[PDB]
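K.L.:
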Amino acid sequence: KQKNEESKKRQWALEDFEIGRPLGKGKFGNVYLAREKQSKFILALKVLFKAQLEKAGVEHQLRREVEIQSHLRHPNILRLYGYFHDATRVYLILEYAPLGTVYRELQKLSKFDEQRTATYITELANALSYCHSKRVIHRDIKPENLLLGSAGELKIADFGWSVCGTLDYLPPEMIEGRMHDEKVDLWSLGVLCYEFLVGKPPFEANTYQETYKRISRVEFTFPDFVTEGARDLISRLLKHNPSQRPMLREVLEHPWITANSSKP
Ligand SMILES: Cc1ccc(C(=O)N[C@@H](C(=O)Nc2ccc3c(c2)/C(=C\c2cnc[nH]2)C(=O)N3)c2ccccc2)c(=O)n1Cc1ccc(F)c(F)c1
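Count the sequence shown with PDB author numbering and you get residues 117 to 279, 290 to 390, in order.
1. Given a threshold of 16 other Cβ atoms within 10 Å of its Cβ, counted over all protein chains shown, does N367 qualify as buried or as exposed?
2. Run the proximity test for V147: is its beta-carbon closer than 8 Å to any non-hydrogen atom belonging to ligand 1?
3. Would you call the CB atoms of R362 and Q370 closer than 9 Å?
4. Can you tell which of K141, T238 and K166 has its C-alpha closest to the C-alpha of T204?
5. With a threshold of 8 Å (Cβ to nearest heavy atom), would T217 be considered close to ligand 1?
6. What separation, rounded to the nearest whole angstrom, lies between the Cα atoms of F351 and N192?
7. Out of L296, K119 and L264, which one is the CA nearest neighbour of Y338?
8. By the DSSP assignment, the alpha helix (DSSP H) with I360 in it spans what residues?
9. Taking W313 as the reference, give the member of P390, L263, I257 and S186 with the closest Cα.
10. For the pair the region 222–238 and the region 150–166, tell me if three or more CB-CB distances fall below 8 Å.
11. Are there three or more Cβ pairs, one per stretch, closer than 8 Å when the region 181–198 is compared with the region 207–221?
12. What residue range is occupied by the uninterrupted beta strand (DSSP E) comprising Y197?
13. Starting from the N-terminal side, write out each stretch of the beta strand (DSSP E) that is 3 residues or longer and does not extend beyond the region 184–272.
14. Run the CB neighbour count on residue 282, radius 10 Å, all protein chains shown included, and call it buried at 16 or more, exposed below.
15. Looking at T292 and ligand 1, is the gap between the Cβ and the nearest heavy atom below 8 Å?
16. Are the region 243–254 and the region 170–179 in contact at 8 Å, needing three or more beta carbon pairs?
So, in structure tokens, the structure goes:
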């Protein structure tokens, strides 16, 4: 299912694949379902236009991110099989996550129950701990960049790595131009946790400027249905002071998480 091949190579051409239905769209590329002709392996092929990548000044980010990603082997991170190119465009060979994005699940369910939410948060904390363990700090984490495996397991799908768009998930130190460390994504978990339970992120607003101020001020409120344990956890993660966010160990041990996650 996931342990295909570790020898990533660039002798792949478009003629190796039968192309299927469009899976999603982004600014630069379309992602398609695809099947490798020889093996019949189902995967997703994301197609990005080279000229657009260079024009936007992100091609170097892509080379470095691909190189990093090729090293990451983890059940809650989408596995990257390889890449190649022709004259017009650049092709990324990605794991196919059949149950789709958490974003769509949120749109379909309106909000998640504490069980879905705490399972998702455990999976994210595990994945970010693994990423942090190899010097790979993460940028923002969006429900759009969370996929679901055949058993409903979460897969981190965004390239927010290191050796923007909407800010909803960015911590103050990332938006105020301050210094940021691995604690940025702890902020991200609080934002995602809130959105999972509530159905929108804690600082959502009609305009970018309003949102900027709400994040900077940490101006958010809890609806009544949000339980005492979740309020406490979100409040621990959504701290202005990076130094005040917990370690991932502490997150995984939080009594609301331990009492609510469905992860055997
Ligand atoms: C901010 C952001 C968000 C998302 C991406 C991103 O690309 N995810 C890739 C992806 O979806 N894989 C994938 C694999 C198997 C799947 C599915 C999806 C799926 C269903 C589906 C689709 N849609 C809702 N459900 C299904 O059933 N099986 C992807 C790669 C290339 C093109 C499109 C998607 C991302 O890069 N960014 C960063 C970003 C980019 C451009 C900006 F301008 C910006 F500001 C920020």
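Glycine is no exception: its CB is placed at the ideal position from the N, C-alpha and C atoms.
P.N.:
This is what the structure holds:
1. exposed
2. yes
3. yes
4. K166
5. yes
6. 29 Å
7. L296
8. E354 to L363
9. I257
10. no
11. yes
12. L196 to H201
13. 196–201, 205–210, 262–264 and 270–272
14. There are no atomic positions for residue 282 here, as the chain continues from 279 directly to 290.
15. yes
16. no
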